[PDB]
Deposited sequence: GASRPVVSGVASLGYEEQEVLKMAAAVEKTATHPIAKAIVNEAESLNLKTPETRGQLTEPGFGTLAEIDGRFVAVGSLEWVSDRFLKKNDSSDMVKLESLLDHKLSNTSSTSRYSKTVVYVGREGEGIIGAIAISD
């Protein structure tokens, strides 16, 4: 179980991974470990977090530098924040992923900002 790809919209790939690994820091599940290991393997410094919410089978949320960030399934990440992504952004993101699990990444005030493909 390893990261196979990082999809983003306006963000740098590294920024999406850094945020996702910050949220996934202490999750024990092999997928979360892989996101963390990839940020580690690439020598990425993850931002600090105090506090997190984990919803088993859905995802994990934590505040990163003053904004909440959620990592998990598409619907649960999308539902976490009032800001929703344009329909064209969803097509673009899904078109890239369509070309193995996908973990989505979202941020309050922005909606979905990226996704991590796992193999």
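Trainee: Can you list the gaps, numbered from 1 on the deposited sequence, where no C-alpha is modelled?
Mentor: Absent from the structure are positions 1-4, 104-115, 136.
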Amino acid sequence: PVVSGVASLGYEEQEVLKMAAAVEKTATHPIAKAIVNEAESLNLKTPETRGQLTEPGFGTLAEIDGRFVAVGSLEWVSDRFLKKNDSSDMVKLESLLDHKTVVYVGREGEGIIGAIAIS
From here on, numbers count along this sequence of modelled residues.
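Trainee: Would you mind comparing 87-95 and 40-48 for me and telling me which has the higher average C-alpha temperature factor in the entry?
Mentor: Looking at the recorded C-alpha B-factors, 40-48 comes out higher on average.
Trainee: When the C-alpha temperature factors are averaged for each of 21-29 and 101-109, which stretch ends up with the higher value in the entry?
Mentor: Averaged over C-alpha atoms, the B-factors run higher in 21-29.
Trainee: What's the residue among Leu53, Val71, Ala34, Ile64 with the greatest CA temperature factor in the PDB record?
Mentor: In the PDB entry, the greatest C-alpha B-factor among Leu53, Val71, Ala34, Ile64 is found at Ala34.
Trainee: When the deposited Cα B-factors of this chain's modelled residues are ordered and cut into thirds, is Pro1 in the lowest, the middle or the highest one?
Mentor: According to the entry, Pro1 has a C-alpha B-factor in the chain's highest third.
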